[PDB]
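Okay, here we've got a single chain as structure tokens, the form deposited in one PDB entry, with questions on binding and movement later.
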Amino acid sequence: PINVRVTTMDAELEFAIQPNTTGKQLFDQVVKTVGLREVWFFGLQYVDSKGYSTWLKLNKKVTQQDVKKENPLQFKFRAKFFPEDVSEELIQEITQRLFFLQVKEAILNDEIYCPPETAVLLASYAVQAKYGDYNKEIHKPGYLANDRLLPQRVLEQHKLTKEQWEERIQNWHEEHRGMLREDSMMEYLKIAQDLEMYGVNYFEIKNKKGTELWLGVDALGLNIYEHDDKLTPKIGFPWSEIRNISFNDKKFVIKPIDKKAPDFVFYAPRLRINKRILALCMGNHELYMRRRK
């Protein structure tokens, strides 16, 4: 027996599968169980032998993909591709909710850097979604004392106390009095999607000289970051400005369209990293093209 567990951001599904079972068969069963149709955004995340977080290929069997061995196999049904604008592209409520929960968790886990002012505004939309309108009676002082509202990095510059924070969030909850639940989630996603680290797939790489760098893959192309600045790219490669991309084993090369510009060469720890980089490039480029036809 092959026990597998797939979690969405708010559901947990446990399946028994077979050695012949494909990721697509698992993917489609999760998808119709929760009733989602905007499937192009999503995938089945897992951790592999080496402790890398990657995505299941749906065309290959679940067993042939080096998934970490644990009695319940662990898959996270998650957004794998991110729209250029959530307002135009996330239609179903199930899609919007799953994006909202996933993005909020990443922000709360300090995986996406977020200024404190934006963080409190984000927290206010989250409480308007969960609690509905602030009501003077049923929401007496201290009603968010047990809610996880802000990322810890924001707390570490602790000019405010744990109670001063909640009072300022409370203030902004009041300003959202008319807002319905789904629109509250969408306003959260509208703000969150403009953070610089939002929707970026980060890969640890090195240049030819051995200097460590980051490689970002997002909806608009490729970015090179210095190892100690993951916010602002030092080189940017939008799709329209790339002549070709390539890899051979560990060596990866980006050639810009300029023609006088030199290629950018970087090196991955192993071939599977470069394969995963390219797969995300192909997925993001295709959605990019499909948005413009």
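One rule holds for the numbers: they count along the sequence shown, beginning at 1. If you superpose the two forms and keep the largest set of C-alpha atoms that fall within 1.5 Å, you have the rigid core.
Another form, the form solved in complex with a partner chain, is not on view; read the next lines as being about it.
- Of the listed positions (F41, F247, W55, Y225), a single one reaches within 4.5 angstroms of its partner chain by any non-hydrogen atom in the deposited bound form, namely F247.
- Put simply, of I242, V31, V47, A268 only one has a heavy atom within 4.5 Å of its partner chain in the deposited bound form, and it is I242.
- Only one listed stretch (47 to 55, 247 to 255, 228 to 236, 260 to 268) carries heavy atoms within 4.5 Å of its partner chain in the deposited bound form, and that stretch is 247 to 255.
- Three-residue candidate spot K136, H139 and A145; no residue lies within 4.5 angstroms of its partner chain in the deposited bound form by any non-hydrogen atom.
- Annotation: Cα of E241 displaced by less than 2 Å between this form and the one not shown, core superposition.
- A movement of the C-alpha atom of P141 falling short of 2 angstroms is seen between this form and the one not shown when the two forms are aligned on their rigid core.
- In the core-superposed comparison between this form and the one not shown, the C-alpha atom of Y188 has shifted by less than 2 angstroms.
- The pair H158 and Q193 approaches in the deposited bound form: their C-alpha atoms are at least 3 Å nearer to each other than in the form depicted.
- Figure legend: C-alpha atoms of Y225 and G51, shown here, are separated by at least 3 angstroms more in the deposited bound form.
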